[PDB]
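Some notes on the structure that comes next.
FYI the Cβ positions are ideal-geometry reconstructions off the backbone, even for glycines, and counts take in every protein chain you see. None of the figures in this text is laboratory data; all of them are computed from the coordinates on show.
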Amino acid sequence: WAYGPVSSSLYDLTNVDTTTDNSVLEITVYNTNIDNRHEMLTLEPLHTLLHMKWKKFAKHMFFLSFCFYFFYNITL
Amino acid sequence: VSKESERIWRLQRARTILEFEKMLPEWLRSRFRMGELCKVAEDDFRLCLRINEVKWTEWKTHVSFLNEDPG
Amino acid sequence: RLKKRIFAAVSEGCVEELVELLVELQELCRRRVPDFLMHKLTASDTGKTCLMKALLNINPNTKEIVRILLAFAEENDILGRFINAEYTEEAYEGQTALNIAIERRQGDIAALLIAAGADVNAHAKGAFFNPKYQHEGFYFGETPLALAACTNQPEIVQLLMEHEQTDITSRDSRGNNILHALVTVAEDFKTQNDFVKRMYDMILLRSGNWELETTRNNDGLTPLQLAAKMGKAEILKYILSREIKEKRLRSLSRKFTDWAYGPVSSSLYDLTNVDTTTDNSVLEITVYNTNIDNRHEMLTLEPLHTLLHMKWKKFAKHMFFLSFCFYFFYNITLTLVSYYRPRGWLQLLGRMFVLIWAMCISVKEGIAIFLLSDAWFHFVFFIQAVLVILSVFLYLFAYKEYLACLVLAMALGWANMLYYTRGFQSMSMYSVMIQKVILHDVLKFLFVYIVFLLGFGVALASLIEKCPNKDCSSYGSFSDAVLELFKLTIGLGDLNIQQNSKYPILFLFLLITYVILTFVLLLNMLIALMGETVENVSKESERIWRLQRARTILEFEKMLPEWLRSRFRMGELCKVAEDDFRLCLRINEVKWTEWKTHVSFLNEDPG
Ligand SMILES: COc1ncnc(OC)c1C(=O)Nc1nc(C(F)(F)F)c(-c2ccnc(C(C)(C)C#N)c2)s1
């Protein structure tokens with residue numbers, strides 16, 4: 001899409017978007033025996049895919065879970 | 001502290017997102033389905049994820065693009 | 001059929017022979033008149049013609065494809081409606097082949113186009129080129145000159161300006177001219193290498209007059225005022241101190257070295273539209289625009305910094321110290337009135353003085369609120385003044401609940417002395433890092449500690465057993481337990497294992513847990529304020545000091561009448577042109593590094 005200093009790179013999500021048995025994203029997040037993920041989760045499609053999943057549904061579900069747990073705690 | 005806090009928070013957020021990811025049913029997950037469609041090859045139509053950007057440093061006569069008309 | 005055929009042939013450009021054959025076939029079909037050739041040579045969806053389609057896909061064959069296309073359009077003599085043709089879709093409304101050739105950096109083809117009569121001032125006022133939300137669109141000035149200037153193409157900029165049909169004074173759908181666009185797209189040196197300043201200088205001194213800098217856009221701002229409205233520090237630092245040393249263009253400068261003798265020199269800056277004597281100055285914009293977040297650098301520029309300094313040392317220091325003294329005496333009077341409350345010497349004098357001072361300052365702060373850790377002091381000053389006035393009105397009234405308001409007002413005014421202890425370097429740093437502690441960190445620490453208190457209080461008061469001598473255990477009702485936990489945090493409570501518990505071991509465990517965890521929160525607070533802020537405290541203190549000084553100076557400047565302001569009138573007069581005599585602000589300087597045979601000055605003899 002590039003016009004000038006602006007441009008729209010169109011990345012790929014063939015085997016990256018967790019819609020496969022063993023995707024690259026679920027591997028990169030669920031592999032805790034590598035100890036480098038603080039850098040790997042800043043890569044090109046991984047970072048913004050996490051961001052998009054988050055702002056689409058994970059923020060909502062996480063805040064709902066926080067509210068339910070806070071009410072369970074205050075009622076305890 | 002500043003760096004370790006952010007790296008452990010980022011790991012936690014990734015885990016929670018991917019967690020929730022599984023907590024949802026198949027139909028709702030397909031209803032979310034991050035990414036779009038895109039034609040690149042003769043017939044590829046694989047999934048894609050647009051990312052706009054701005055760079056003033058490297059000027060190049062653009063030669064490769066899918067849609068010649070920028071939308 | 002043949003339309004898309006020629007379109008793909010020219011877009012691929014894999015050969016010119018077949019495109020020439022297609023052109024010959026189209027000409028034969030058109031012979032057996034120009035409107036038909038246009039309709040067949042364009043796509044009526046948007047208007048994208050074969051020339052545009054060729055330029056969009058740069059392959060090494062374009063240099064001849066465009067020549068063949070112009071030759072064909074001249075064969076029917078349709079060049080006018082051919083090259084000057086433009087889009088029609090709501091995205092690129094008006095976009096012309098010239099902006100396409102420039103966006104792809106094809107300079108030679110741009111030359112061939114303008115030689116073919118390409119409309120150079122064709123405005124690309126499309127909803128894409130003028131996007132409201134960024135990152136979807138590229139606003140550049142909507143003009144081929146504006147485009148070749150914003151995308152760092154000086155060759156084509158000179159090629160357009162040296163032409164006669166160009167119009168450097170053109171104005172777009174936003175009112176901007178070329179200079180407004182160059183201001184709008186100038187970001188920062190770390191991301192651009194600052195070519196936009198170079199193109200600014202070139203385009204400015206090329207059209208040599210104040211035509212460009214004097215026009216205002218549909219927002220009523222000039223390119224100088226514009227770069228002031230946004231946070232463009234680099235372009236601003238250039239425009240404010242711009243020296244043109246050529247003779248015939250020397251009148252365009254805003255800084256004239258007029259006095260240099262040796263390593264000493266007296267640059268004579270300009271104060272035409274900078275000195276707050278206009279509707280919206282560059283200085284009042286630079287200080288009152290709080291939505292840019294770069295002023296910590298912009299208020300160190302060439303005439304701005306020293307103009308603030310001069311206004312300060314001329315009248316603002318005096319007025320500010322007077323205000324501090326008046327507020328301190330009003331505060332000591334509140335203190336003495338509080339101390340000597342009734343358990344006209346002490347009543348009438350002091351009470352009427354605090355009444356009038358509080359009412360006037362409350363009206364002042366309230367009307368100050370009506371303008372739109374920077375400026376909440378208006379809120380708190382107004383609140384304290386209303387507190388005093390309500391307290392004294394209730395004292396006059398039939399309500400003995402006035403002492404609460406009065407003593408709270410005293411404690412709040414003594415708190416508000418924090419505003420006025422911004423003045424000197426020691427008190428500035430002290431007050432502002434106290435503010436940073438208070439607002440940044442200890443407040444969230446207090447929140448989490450209050451959650452600790454609530455939880456541990458309910459736990460302990462749930463562990464207690466009623467005494468048959470109910471006062472035999474201090475952790476009685478909830479509020480009692482919370483008080484004891486407070487005292488334990490500060491170090492005044494008592495640790496007695498016999499709290500009439502039913503599980504004394506578990507109660508002792510919970511209590512030790514509370515004190516340990518609040519100890520840990522104290523340590524965490526200590527690290528948060530001893531490792532993080534300590535780096536940038538020195539810089540944040542200075543920038544907040546500077547911004548508050550700018551605001552106070554510019555505020556006092558308004559508080560004065562017209563005659564006294566004209567009596568102050570920072571700056572002097574100075575003759576620089578045939579008849580210019582614009583205001584100026586001398587700044588002596590000393591530089592031993594760059595030795596130059598002085599060539600330009602106003603006074604031959606240094607005074
Ligand atoms: C130099 O200050 C003084 N000099 C001499 N005597 C004084 O007291 C008589 C004082 C004094 O501190 N007065 C105060 N009043 C109040 C209030 F209750 F209105 F909020 C204060 C307060 C309360 C809670 N959080 C803050 C934060 C952390 C935001 C701050 N800052 C401030 S502080």
Problem set entry | Estimated distance in nm for a label pair at C:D293 and C:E562, the labels positioned 7 Å out from Cα along Cα-to-Cβ | 4.1
Exercise. Where in the stretch C:257-301 does the label zone of C:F189 land, with the point 7 angstrom along Cα→C-beta and an amide N cut-off under 18 Å?
Worked result: C:294-301
Exercise. Under the rule that a partner needs its Cβ under 4.7 Å from the first Cβ, which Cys of the protein assembly as shown have none?
Worked result: A:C67, C:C14, C:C29, C:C50, C:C150, C:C325, C:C360, C:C405
Exercise. Excluding C:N496 itself, what net charge comes from residues whose Cβ is under 15 Å from its Cβ, given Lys and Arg +1 and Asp and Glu -1?
Worked result: -4
Seminar exercise, completed: Sparse-neighbourhood loop hits (chymotrypsin sites (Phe, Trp or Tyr not before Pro), the stretch C:115-172; DSSP loop; Cβ within 10 Å at most 12 others) -> C:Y133
Problem set entry | chain B, relative contact order in percent, only Cα pairs under 8 angstrom and at least six apart counted | 17
Seminar exercise, completed: For C:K591, counting only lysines whose alpha-carbon sits under 23 Å away and dropping same-chain residues fewer than eight positions off, the answer is C:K237, C:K245, C:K255
Problem set entry | Loop GluC sites (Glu not before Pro), the stretch C:221-281 (other Cβ atoms within 10 Å of the site Cβ: 11 or fewer; DSSP) | C:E246
Problem set entry | Inter-centroid distance (Cα atoms) of the stretch C:429-464 relative to the stretch C:279-302, Å | 37
Exercise. What FRET efficiency do you get for C:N536 and C:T421 if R0 is 22 Å and r is their Cβ-Cβ distance, rounded to the nearest 0.05?
Worked result: 0.55
Exercise. Among the chymotrypsin sites (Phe, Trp or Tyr not before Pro) within the stretch C:383-456, which fall in a DSSP loop and have no more than 14 other Cβ atoms within 10 Å of their own Cβ?
Worked result: C:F397, C:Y399, C:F424
Exercise. How many Cβ atoms of partner chains, on average, are near each residue of A:15-22 if near means within 10 Å of its Cβ?
Worked result: 3
Exercise. Over all residues in A:49-57, what is the mean tally of Cβ atoms on other chains that come within 10 Å of each residue's Cβ?
Worked result: 5
Exercise. Which whole-angstrom value gives the distance between the alpha carbon centres of the stretch C:1-42 and the stretch C:339-361?
Worked result: 94
Exercise. Counting partner chain Cβ atoms within 10 Å of every residue's Cβ in C:100-110, what's the average?
Worked result: 2
Seminar exercise, completed: Nearest-0.05 FRET efficiency for C:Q347 and C:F393 at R0 = 22 Å, using Cβ-Cβ distance, is 0.90
For this session: Would you mind checking C:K197/C:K314; C:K229/C:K558; C:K400/C:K444; B:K60/C:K3; C:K466/C:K487 for any pair whose Cα atoms are more than 25 angstrom apart?
Result: C:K197/C:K314; C:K400/C:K444; B:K60/C:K3
Seminar exercise, completed: Ranked output for segments C:251-263, C:345-357, C:100-112 by mean other Cβ atoms within 10 Å, highest leading, reads C:100-112, C:251-263, C:345-357
For this session: Give the cross-link partners of C:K190 among the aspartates and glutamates, using a straight C-alpha distance below 14 Å as the criterion and excluding same-chain residues fewer than 8 apart.
Result: B:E58, C:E234
Problem set entry | Ascending count of other beta-carbon atoms within 10 Å, so fewest first, for B:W9, B:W56 | B:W9, B:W56
For this session: Rounded to the nearest 0.05, what FRET efficiency do C:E164 and C:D108 give with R0 = 25 Å and r taken as the Cβ-Cβ distance? Could you check?
Result: 0.75
